[PDB]
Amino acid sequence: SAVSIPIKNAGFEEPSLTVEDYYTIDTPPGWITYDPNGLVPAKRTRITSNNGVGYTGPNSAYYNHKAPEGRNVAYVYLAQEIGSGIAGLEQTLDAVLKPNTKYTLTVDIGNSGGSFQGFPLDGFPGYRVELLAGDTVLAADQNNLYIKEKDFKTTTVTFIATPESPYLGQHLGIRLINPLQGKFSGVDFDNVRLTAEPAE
């Protein structure tokens, strides 16, 4: 029997947004911008690399169906050329890595489609989802799921920490990454969940 690990703003439902297709351009509350190649400015515009939340409802321009969870999805957009690097959202959790524990990290990934002000949203930069302890990537999935235009799909990253793990006691983390491997170079995320259960 699997226990949920608390995540802040796990569904990006904060801040609440009023109108369909509206969005913020500030880091979703409870999350941090992961920007190892310095592609995302502190003060963003609508044409810079940016991240935030977007109201995706039953009549979204960008997806067939509403947000997998609630009304909002998170998004990560990189303006720069392909190969310029990677960026995304990260959150350090209160839970620490425990031995003999199977961790299950699920998140829905969106390939926004259609168009914004005449600009085609066709194409996708890919995704990479990472479970961390300290500053170590313990386990990751990059692009194992194909995601159609205007669609979302759930991925699962799993990891088992042994008593021998050098990372026990270190704070867990979750990273949601735009690897900038295609244009249009926007990727969306929703419904982040992490569970712990006993393993052998």
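We number the residues from 1 along the sequence you see.
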query: Which has the higher mean CA temperature factor in the PDB entry, 42 to 50 or 153 to 161?
result: 42 to 50
- line: The stretch carrying the higher mean Cα B factor in the deposited entry, 51 to 59 or 136 to 144, is 51 to 59
task: Have a look at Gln117, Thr104, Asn111, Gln91 and flag the one whose Cα has the highest B-factor in the entry.
output: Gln117
message: Comparing recorded Cα B-factors across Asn9, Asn178, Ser16, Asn191, which one is largest?
response: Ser16
- request: Select lowest, middle or highest to describe the third in which the CA B-factor of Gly85 falls within its chain in this entry.
  value: highest
query: C-alpha B factor of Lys98, ranked within the chain: lowest, middle or highest third?
result: middle
Lowest, middle or highest third - CA B-factor, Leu78: middle
